Amino acid sequence: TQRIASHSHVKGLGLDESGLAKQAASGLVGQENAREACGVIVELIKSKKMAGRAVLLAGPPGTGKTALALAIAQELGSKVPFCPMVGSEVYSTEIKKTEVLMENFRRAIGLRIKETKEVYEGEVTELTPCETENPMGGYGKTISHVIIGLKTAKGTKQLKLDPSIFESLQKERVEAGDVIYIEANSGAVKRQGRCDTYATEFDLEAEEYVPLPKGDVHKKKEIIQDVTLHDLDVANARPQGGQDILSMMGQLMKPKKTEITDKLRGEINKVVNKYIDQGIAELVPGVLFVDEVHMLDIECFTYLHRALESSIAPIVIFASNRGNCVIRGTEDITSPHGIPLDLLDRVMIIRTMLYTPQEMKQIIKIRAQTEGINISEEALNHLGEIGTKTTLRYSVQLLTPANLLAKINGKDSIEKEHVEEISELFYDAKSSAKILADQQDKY
Amino acid sequence: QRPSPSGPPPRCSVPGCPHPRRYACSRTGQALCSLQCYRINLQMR
Amino acid sequence: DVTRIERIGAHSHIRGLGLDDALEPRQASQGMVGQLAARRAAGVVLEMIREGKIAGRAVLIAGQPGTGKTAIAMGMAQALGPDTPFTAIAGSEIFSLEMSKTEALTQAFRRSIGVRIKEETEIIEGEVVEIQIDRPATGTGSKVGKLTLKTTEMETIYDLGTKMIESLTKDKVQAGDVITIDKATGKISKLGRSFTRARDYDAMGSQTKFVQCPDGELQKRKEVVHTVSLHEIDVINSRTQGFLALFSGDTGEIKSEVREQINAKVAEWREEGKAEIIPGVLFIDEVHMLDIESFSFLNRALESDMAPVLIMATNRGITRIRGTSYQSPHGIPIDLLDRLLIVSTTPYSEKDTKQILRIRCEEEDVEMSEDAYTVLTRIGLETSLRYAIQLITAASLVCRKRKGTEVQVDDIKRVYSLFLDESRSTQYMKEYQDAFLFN
Amino acid sequence: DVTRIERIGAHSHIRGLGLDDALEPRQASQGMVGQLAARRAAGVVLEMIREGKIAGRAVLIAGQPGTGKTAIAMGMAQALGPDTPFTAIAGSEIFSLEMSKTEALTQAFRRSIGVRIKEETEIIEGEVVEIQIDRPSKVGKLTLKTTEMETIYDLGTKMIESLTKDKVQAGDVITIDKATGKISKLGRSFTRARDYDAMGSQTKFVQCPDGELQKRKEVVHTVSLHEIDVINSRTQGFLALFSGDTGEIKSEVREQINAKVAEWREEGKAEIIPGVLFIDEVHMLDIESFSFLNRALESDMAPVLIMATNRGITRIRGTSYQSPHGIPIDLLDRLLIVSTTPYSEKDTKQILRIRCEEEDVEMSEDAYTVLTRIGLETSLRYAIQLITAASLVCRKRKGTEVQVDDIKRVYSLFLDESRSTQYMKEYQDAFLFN
Ligand SMILES: Nc1ncnc2c1ncn2[C@@H]1O[C@H](COP(=O)(O)OP(=O)(O)O)[C@@H](O)[C@H]1O
Ligand SMILES: Nc1ncnc2c1ncn2[C@@H]1O[C@H](COP(=O)(O)OP(=O)(O)O)[C@@H](O)[C@H]1O
Ligand SMILES: Nc1ncnc2c1ncn2[C@@H]1O[C@H](COP(=O)(O)OP(=O)(O)O)[C@@H](O)[C@H]1O
Ligand SMILES: [Zn+2]
């Protein structure tokens, strides 16, 4: 079964139909105004009206801003792209900072486009070039068509084909008892190998045999294929399927990202609009979640001023835990949240708040019953108390090690005497710093 | 045109043995399937 | 219903500058309101750009944050039309890993001068009635053939050359296809199968949408207009078969000798009447990002007869020029600031702040009461204009959730309590001073 | 006798992490002494590693120099053993000249998760005795030997071609996989090492195979999740496994691999083995790299991290800011901290005893006593370094057991930091730069 992580319980925002928050629902507890706010943002993303609008979740360490951002992705579900990033990802060795941001802005926009596939396949039982009764004038013989007899686990039938197929059927080393396929939209033929039926005809042969096709000789299906605009950017900027020196040299060489030009972005925008107009393809504008924003550089922020104002951009969600820090890439310029004031003017802030002693107790129970652990009430009333003296993360951190110690001492549930033993093994940030300060001459 | 395969796949020569032929013996010319059957063929011929 | 790739964004409502024929700004038109002084000046530099006579003219737009600096630049970019190159850059975007700063600016300049080439060629366009290809029984490979083409009015037969036959056979054209042949280029192109003959067919080699037969004269002329920047002409000429670098962006530090050679050849095409040169504009937003090395390049780069018109915008007081110790106006050194004309912008009043909100709700498809506009306008002066603009969608959504059909004042008071302004956020950050990081 | 490529070093005598079945630490076992409280904690996290139920866990080991932090991690790595990945790096190794600090950390994570797969095989492996062919399509036969049997195959057409391309001859030892068909020479039989007397630039002699000629079986392969990412980076990417030359794997590839591995564990085709990543000297990761760990420790598949550090309250690299351990607070509360304690005289004797048993040295009880004082007036690590030198002086003296005088000779020749830095002050103006 799947492993457990620091957000595995977050299943949604947990709202009424009226859009008011519930005290505890879909794995979340508390933060009601911030959850109500994210409710509005989910409707904004589902509306498909808007571009470039952005929100900053602001609040101290361990208050739920990452959890809430993840919850929005649950409300939207799998069909619309949600792209996570951290501020520290922009500093690549291959490519400039502003290109990393621009790629991510194009990852968070999807196409869904749908098309038929048709193919013929089977073991070839016969190749029967068919002559006309008389040749054309002056000629010795004339062939009107080839018959190919294909068989599969479901049956057998003849296909009748244009004489020009015959050249291809000797470029490929096709012989009777091979299995082949023909792409019905293109007319090309490809060999797969000798059928598995014949695997016994020598003690050794230097070919891998392939099993007989199952289902009909002629196959059809409709499939829906989904791609980001960033995938179209890259596939056009470095082509594939080389039969030329430029391609093959380019494919033996070490691949590296490159600064994709604004012309290519332009041309891709022009053609996907033609397909959207013709009803061939559906756009799904998505979300970019830039976490840990306070790690971006002032050059990056000053690029975002242009990026967020573009008519194309996705919805952007930002997060930060900083107070009045200096902006990276400047010497002295302090600002709220570690962000420039003139970017912070372009975002709606959502504010996130510390938990009360009752709320922590309620979350620790939700962790235990998802991490697969049983706890007695007299132990939980100790662990929520430790949480109040220390931090939510540390009081949640003790659950699994307490369970392990309980199991080694032969019990099926955490008890008081377990948690007050684990607390003696592992310090926290607050208590460790005290130990350093009493001993500062020895580090 | 496709000539048909023979009916049964070739089996081991050792009389009680159901396994298919893997190889043939270098000396006696019998069809074989394992080191076990090779020792038995070599002892009984 | 259907959603295209371009949507509602921050400046989608602007559609020009709203000047009259005597170049005076109307109070509210083409989605711009107020700001009469700077809109007049923008009219004059736009007129200068359209004339095209004089190279290297530079303009700087200045003023407080949130007073339509970028809006006026977008305004003129709309008015100037699509047919004339207008390039936007934020000042951050020249700090490449692939090429030096002076190269990046040289590319941004040369990308903003267009060469416009009209091209005409003669095409044959018809439905394929038959194809004959004859191949030697051994021989040298000198294949020969005949092809026949039809329209609703005419049909005829073509005896086929040996260079041309490889194209038909490469692209596997067959009877029933409708095709367009460019005689000069020797390139085939296909429209699709005609509706009629696909009934009389083998097991399938193709399965695609049909198209109608062409009409009237079998031979016709085609015309295309290409606009090609000087930059892409430099890239094409930097190496044999270099075309992918126009999309890939892989071409680093182009040889000066190539550009000198192109500058000459472009002038010859002008005098020959083969191509039209068309000066455009480079807009560098947030220009105070440039290093003094970049400024020093601009000083002398701006003096060439191939230079485009340059526009810059900034929101900076007396500040230290990036990459140095020295304070200066706009954070630009005086060497450069002496070489240009400054246009300046003014803070808004009630009267025009309300009018901006009114023209914004028309674009986002919202109705509000006059009472709601009155409250929102106050918010938009207690706090910045962008924040007030940002409440309009949030108000519409909260309205729609409760099954309303017009935004009321309590919707706005609701939203205003839910999403913070910076000033309120920064205030709450004082009372939790120990709980946030690195104060 | 012969000196192998691995030989006696620092953390060499620790052969596990000495614990009873109740995870009570013994006073002295598996080559460790003292440090009881940290050794219990180490036991509990080792049990957590072995279960592998929960992802993204982290522990930090802290405490003064020469108190066993890397000893406990190097002990724990052996208690855990092979068959479970354990990747160790120094903090300073992530500063690559060909990929970002993010990628160096990303690969160090993806390198500590293993996938186990079953594979169903048959292979033939033997010395070739004779190849015979005739022209009526071609027809042929081929004979294989192994020490237990000699046997013949009635090979088909494409095999006849392939054997000519690969130029097999009698006395060559070869393998084939029948399912795939591909031939592969291993060398020539020692029994044939004389049918030439000037051999080509590379030919290699091997013993003739034994047992069954066509062995058929399951095999189980364990492969690190990182290699699946690298093989999918480019058209012949596997070369980069050895070359190191792989440049910022595109994000959509790692996502695709995670999807596929998740599918295989639901199908039961594969299973995921969580391992460990150890970063020693973590105090010199940079502020951008710390902010990446804040989201690396949150995936559905991440290792456990163990990190060790020696620093007090000190400035975080890449900033002005002071903090505990030189680590940001937004990471220190995702961690869980184990603290060492300085050693007593009692422990200092025992650990020196274990080093003399490992380095194969005898000492007088007086000599252990004198050495223990030196190792308590000055660092433990200095006393550990005196014993080899004391032995080498003893051998030159034609002794056998190290005496007090052998300690005092070495103590006169080799200085510690505190004696050295004092002598540097008595002549300071003769040295360069302050
Ligand atoms: N409102 C909540 N309801 C449930 N669990 C929460 C809530 N807020 C936080 N948590 C949990 O507490 C921990 C801290 O939350 P996180 O999102 O990482 O905080 P932050 O991003 O503010 O530092 C995580 O394990 C998270 O899943
Ligand atoms: N005079 C105006 N007429 C119309 N819209 C305006 C005007 N001035 C500003 N705006 C709008 O108000 C917002 C802020 O203007 P903006 O161009 O971003 O300001 P600046 O670049 O000066 O900081 C934008 O949405 C813009 O479209
Ligand atoms: N408890 C211990 N048992 C055995 N050897 C130890 C113990 N603690 C430290 N050592 C040894 O002492 C030396 C220093 O320990 P080490 O862990 O490397 O120091 P640090 O804690 O500063 O990283 C090494 O030779 C190590 O093997
Ligand atoms: Zn047998």
# chains A, B, ... in the order shown; residues from 1 in each chain; ligands from 1
$ residues_around --residues "stretch 247-254 of chain D" --least-positions-apart "6" --cutoff "7 Å" --atoms "only C-alpha atoms" --output "ChimeraX atom specification"
/A:256 /D:98-99,103,229,233
$ write_last_selection --atoms "N, CA, C and O atoms" --output "short mmCIF file (atom, residue, chain, number, x, y, z; two decimals), in the first residue's frame"
data_model
loop_
_atom_site.label_atom_id
_atom_site.label_comp_id
_atom_site.auth_asym_id
_atom_site.auth_seq_id
_atom_site.Cartn_x
_atom_site.Cartn_y
_atom_site.Cartn_z
N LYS A 256 20.37 19.95 -23.71
CA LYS A 256 20.43 21.08 -22.81
C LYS A 256 19.22 21.96 -23.10
O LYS A 256 18.77 22.02 -24.26
N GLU D 98 27.99 21.65 -13.16
CA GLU D 98 27.17 21.33 -14.32
C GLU D 98 25.68 21.09 -14.11
O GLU D 98 24.95 20.90 -15.09
N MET D 99 25.20 21.23 -12.86
CA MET D 99 23.77 21.27 -12.56
C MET D 99 23.54 22.10 -11.30
O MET D 99 24.44 22.27 -10.46
N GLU D 103 19.29 20.29 -8.36
CA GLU D 103 19.45 19.01 -9.01
C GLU D 103 20.37 18.09 -8.23
O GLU D 103 20.03 16.93 -8.02
N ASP D 229 15.23 7.38 -14.04
CA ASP D 229 15.17 8.75 -14.49
C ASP D 229 16.26 8.98 -15.53
O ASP D 229 16.01 9.63 -16.52
N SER D 233 16.41 10.10 -19.86
CA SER D 233 16.79 11.47 -20.16
C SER D 233 17.10 11.74 -21.64
O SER D 233 16.88 12.86 -22.11
#
$ interface_residues --of "chain A" --to "chain B" --cutoff "6 Å" --atoms "only C-alpha atoms" --output "list in words"
residues 125, 126 and 176 of chain A
$ residues_around --residues "residue C:347" --least-positions-apart "5" --cutoff "9 Å" --atoms "only C-alpha atoms" --output "PyMOL selection string"
chain C and resi 35+63-64+66-67
$ residues_around --residues "stretch 218-225 of chain D" --least-positions-apart "2" --cutoff "8 Å" --atoms "only C-alpha atoms" --output "list in words"
residues 85, 110, 111, 112, 113, 114, 115, 116, 117, 118, 119, 120, 121, 216, 227, 228 and 229 of chain D
$ residues_near_ligand --ligand "ligand 2" --cutoff "8 Å" --atoms "only C-alpha atoms and all ligand atoms" --output "list in words"
residues 10, 11, 12, 13, 14, 28, 31, 32, 33, 34, 35, 63, 64, 65, 66, 67, 68, 69, 70, 71, 72, 313, 315, 356, 359, 385, 386 and 389 of chain C
$ write_last_selection --atoms "N, CA, C and O atoms" --output "mmCIF file, in the first residue's frame"
data_model
loop_
_atom_site.group_PDB
_atom_site.id
_atom_site.type_symbol
_atom_site.label_atom_id
_atom_site.label_comp_id
_atom_site.auth_asym_id
_atom_site.auth_seq_id
_atom_site.Cartn_x
_atom_site.Cartn_y
_atom_site.Cartn_z
ATOM 1 N N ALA C 10 -4.790 42.113 -17.123
ATOM 2 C CA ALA C 10 -4.711 43.383 -16.397
ATOM 3 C C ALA C 10 -4.987 44.633 -17.266
ATOM 4 O O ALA C 10 -5.416 45.669 -16.772
ATOM 5 N N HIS C 11 -4.746 44.545 -18.568
ATOM 6 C CA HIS C 11 -4.837 45.686 -19.450
ATOM 7 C C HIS C 11 -5.699 45.379 -20.668
ATOM 8 O O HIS C 11 -5.706 46.198 -21.605
ATOM 9 N N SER C 12 -6.530 44.325 -20.601
ATOM 10 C CA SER C 12 -7.334 43.904 -21.739
ATOM 11 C C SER C 12 -8.363 44.947 -22.198
ATOM 12 O O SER C 12 -8.825 44.843 -23.333
ATOM 13 N N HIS C 13 -8.741 45.911 -21.354
ATOM 14 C CA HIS C 13 -9.738 46.886 -21.743
ATOM 15 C C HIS C 13 -9.222 48.025 -22.612
ATOM 16 O O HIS C 13 -10.018 48.740 -23.245
ATOM 17 N N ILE C 14 -7.905 48.245 -22.627
ATOM 18 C CA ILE C 14 -7.331 49.337 -23.412
ATOM 19 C C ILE C 14 -7.285 49.007 -24.906
ATOM 20 O O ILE C 14 -6.754 47.949 -25.265
ATOM 21 N N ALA C 28 -12.888 60.217 -21.988
ATOM 22 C CA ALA C 28 -13.023 58.774 -21.853
ATOM 23 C C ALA C 28 -13.373 58.163 -23.214
ATOM 24 O O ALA C 28 -14.441 58.427 -23.768
ATOM 25 N N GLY C 31 -11.237 52.992 -24.044
ATOM 26 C CA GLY C 31 -10.954 52.298 -22.802
ATOM 27 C C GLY C 31 -9.898 53.005 -21.960
ATOM 28 O O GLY C 31 -9.396 52.369 -21.030
ATOM 29 N N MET C 32 -9.557 54.264 -22.290
ATOM 30 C CA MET C 32 -8.680 55.069 -21.439
ATOM 31 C C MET C 32 -9.388 56.338 -20.978
ATOM 32 O O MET C 32 -10.202 56.895 -21.728
ATOM 33 N N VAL C 33 -9.106 56.718 -19.716
ATOM 34 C CA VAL C 33 -9.798 57.818 -19.059
ATOM 35 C C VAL C 33 -8.834 58.687 -18.271
ATOM 36 O O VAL C 33 -7.829 58.206 -17.753
ATOM 37 N N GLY C 34 -9.109 59.995 -18.213
ATOM 38 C CA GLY C 34 -8.238 60.918 -17.495
ATOM 39 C C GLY C 34 -6.841 61.004 -18.113
ATOM 40 O O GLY C 34 -6.686 60.798 -19.316
ATOM 41 N N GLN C 35 -5.859 61.424 -17.310
ATOM 42 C CA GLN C 35 -4.454 61.428 -17.708
ATOM 43 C C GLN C 35 -4.189 62.220 -18.997
ATOM 44 O O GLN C 35 -3.340 61.822 -19.778
ATOM 45 N N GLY C 63 6.403 58.481 -13.311
ATOM 46 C CA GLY C 63 5.337 58.801 -12.384
ATOM 47 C C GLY C 63 5.140 57.757 -11.292
ATOM 48 O O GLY C 63 5.846 56.783 -11.203
ATOM 49 N N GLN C 64 4.189 58.035 -10.408
ATOM 50 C CA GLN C 64 3.927 57.194 -9.262
ATOM 51 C C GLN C 64 3.589 55.788 -9.725
ATOM 52 O O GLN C 64 3.130 55.560 -10.848
ATOM 53 N N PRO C 65 3.702 54.780 -8.831
ATOM 54 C CA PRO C 65 3.120 53.457 -9.075
ATOM 55 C C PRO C 65 1.619 53.551 -9.298
ATOM 56 O O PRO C 65 0.953 54.321 -8.613
ATOM 57 N N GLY C 66 1.130 52.745 -10.248
ATOM 58 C CA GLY C 66 -0.294 52.565 -10.479
ATOM 59 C C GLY C 66 -0.961 53.795 -11.084
ATOM 60 O O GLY C 66 -2.063 54.168 -10.672
ATOM 61 N N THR C 67 -0.313 54.427 -12.081
ATOM 62 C CA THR C 67 -0.894 55.617 -12.711
ATOM 63 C C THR C 67 -0.862 55.555 -14.239
ATOM 64 O O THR C 67 -0.912 56.578 -14.904
ATOM 65 N N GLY C 68 -0.841 54.330 -14.767
ATOM 66 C CA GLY C 68 -1.125 54.112 -16.170
ATOM 67 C C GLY C 68 0.117 54.269 -17.046
ATOM 68 O O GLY C 68 -0.029 54.465 -18.250
ATOM 69 N N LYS C 69 1.323 54.091 -16.489
ATOM 70 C CA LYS C 69 2.540 54.131 -17.281
ATOM 71 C C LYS C 69 2.480 52.987 -18.271
ATOM 72 O O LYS C 69 2.655 53.172 -19.464
ATOM 73 N N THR C 70 2.257 51.786 -17.768
ATOM 74 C CA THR C 70 2.230 50.619 -18.625
ATOM 75 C C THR C 70 0.976 50.691 -19.479
ATOM 76 O O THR C 70 1.009 50.323 -20.646
ATOM 77 N N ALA C 71 -0.138 51.164 -18.917
ATOM 78 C CA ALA C 71 -1.379 51.330 -19.655
ATOM 79 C C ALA C 71 -1.200 52.213 -20.891
ATOM 80 O O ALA C 71 -1.659 51.837 -21.960
ATOM 81 N N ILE C 72 -0.538 53.370 -20.803
ATOM 82 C CA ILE C 72 -0.311 54.217 -21.966
ATOM 83 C C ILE C 72 0.569 53.502 -22.991
ATOM 84 O O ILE C 72 0.288 53.562 -24.178
ATOM 85 N N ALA C 313 9.837 52.883 -19.204
ATOM 86 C CA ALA C 313 8.954 53.274 -18.130
ATOM 87 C C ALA C 313 9.609 52.943 -16.818
ATOM 88 O O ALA C 313 10.372 51.999 -16.736
ATOM 89 N N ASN C 315 9.233 53.701 -12.170
ATOM 90 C CA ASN C 315 8.499 54.213 -11.030
ATOM 91 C C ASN C 315 9.413 54.658 -9.877
ATOM 92 O O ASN C 315 8.980 54.632 -8.721
ATOM 93 N N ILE C 356 -12.591 54.699 -13.964
ATOM 94 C CA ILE C 356 -11.788 53.505 -14.243
ATOM 95 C C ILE C 356 -12.528 52.230 -13.801
ATOM 96 O O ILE C 356 -12.599 51.269 -14.551
ATOM 97 N N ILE C 359 -15.372 51.415 -16.277
ATOM 98 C CA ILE C 359 -14.955 50.822 -17.544
ATOM 99 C C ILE C 359 -14.381 49.421 -17.312
ATOM 100 O O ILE C 359 -14.375 48.611 -18.224
ATOM 101 N N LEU C 385 -5.370 51.674 -6.339
ATOM 102 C CA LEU C 385 -6.326 51.433 -7.405
ATOM 103 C C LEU C 385 -6.357 49.958 -7.783
ATOM 104 O O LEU C 385 -7.435 49.386 -7.983
ATOM 105 N N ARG C 386 -5.188 49.301 -7.839
ATOM 106 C CA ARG C 386 -5.131 47.901 -8.234
ATOM 107 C C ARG C 386 -5.942 47.021 -7.276
ATOM 108 O O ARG C 386 -6.604 46.088 -7.736
ATOM 109 N N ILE C 389 -9.632 47.364 -8.075
ATOM 110 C CA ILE C 389 -9.887 46.604 -9.285
ATOM 111 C C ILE C 389 -9.985 45.111 -8.974
ATOM 112 O O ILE C 389 -10.888 44.434 -9.501
#
$ residues_near_ligand --ligand "ligand 3" --cutoff "6 Å" --atoms "only C-alpha atoms and all ligand atoms" --output "list in words"
residues 10, 11, 31, 32, 33, 34, 35, 65, 66, 67, 68, 69, 70, 71, 351 and 381 of chain D
